[PDB]
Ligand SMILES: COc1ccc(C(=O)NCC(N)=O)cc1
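Only one chain is shown below, in structure tokens, and it's the form solved without the ligand.
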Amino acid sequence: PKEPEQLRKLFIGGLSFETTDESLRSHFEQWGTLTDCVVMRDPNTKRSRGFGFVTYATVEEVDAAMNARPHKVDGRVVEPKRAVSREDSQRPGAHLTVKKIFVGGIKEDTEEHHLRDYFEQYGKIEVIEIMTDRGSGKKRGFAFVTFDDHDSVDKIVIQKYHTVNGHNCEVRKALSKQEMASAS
């Protein structure tokens, strides 16, 4: 396949105890050709860890699978998520289900239309907030964007580069005030 394996792969959380490679495949093959399908197990006990991965031949097929939520596998509602790489999985909050992104390093003259013209393609935007110092009114160089669907956030943050108001910016899942403090 032309597109990277990491972007063709979904984490499937909350599997029934009973789900196997074969039953997971039988379900998710409805939305495309699977190049990989695995239920993770504890080595010695071989018991399911309750999650697995499915990988499609194309990202378009991944998108079709996410568009078909909610998914019931072997009688249990499961939780498919964009697969976060092992490296990125080390970061605080990498696996949270959130609807808001932090957008860091935006120019002083960035306005909401700049953020819409990059982010609307990923999903329905509910809130845009370009952050200022409350007292001085000075722009602080970051914004928060809130979407309607956590998968919009997940599709965004697995990518490396994001161009807003002409220049790259860094985009991460939003951590709460207390989550920021616990990550320090």
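Residue indices: 1-based, along the sequence shown.
One more form of this protein should be noted, the form solved in complex with the ligand, which is absent from this view; the next part is about it.
Trainee: So in the entry with it bound, is the ligand close enough to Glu29 to count as touching (4.5 Å, heavy atoms)?
Mentor: No - in the entry with it bound, heavy atoms of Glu29 and the ligand never come within 4.5 Å of each other.
Trainee: Is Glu120 near the ligand? Define near as a heavy atom within 4.5 Å, in the entry with it bound.
Mentor: Although the ligand is absent here, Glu120 would touch it in the entry with it bound, with heavy atoms inside 4.5 Å.
Trainee: Determine whether any heavy atom of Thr33 comes within 4.5 Å of a heavy atom of the ligand in the entry with it bound, and answer yes or no.
Mentor: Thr33 lies outside the contact set for the ligand.
Trainee: At a 4.5 angstroms cut-off on non-hydrogen atoms, which residues of 145-160 are near the ligand in the entry with it bound? List them in order.
Mentor: Residue within 4.5 Å: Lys155 only.
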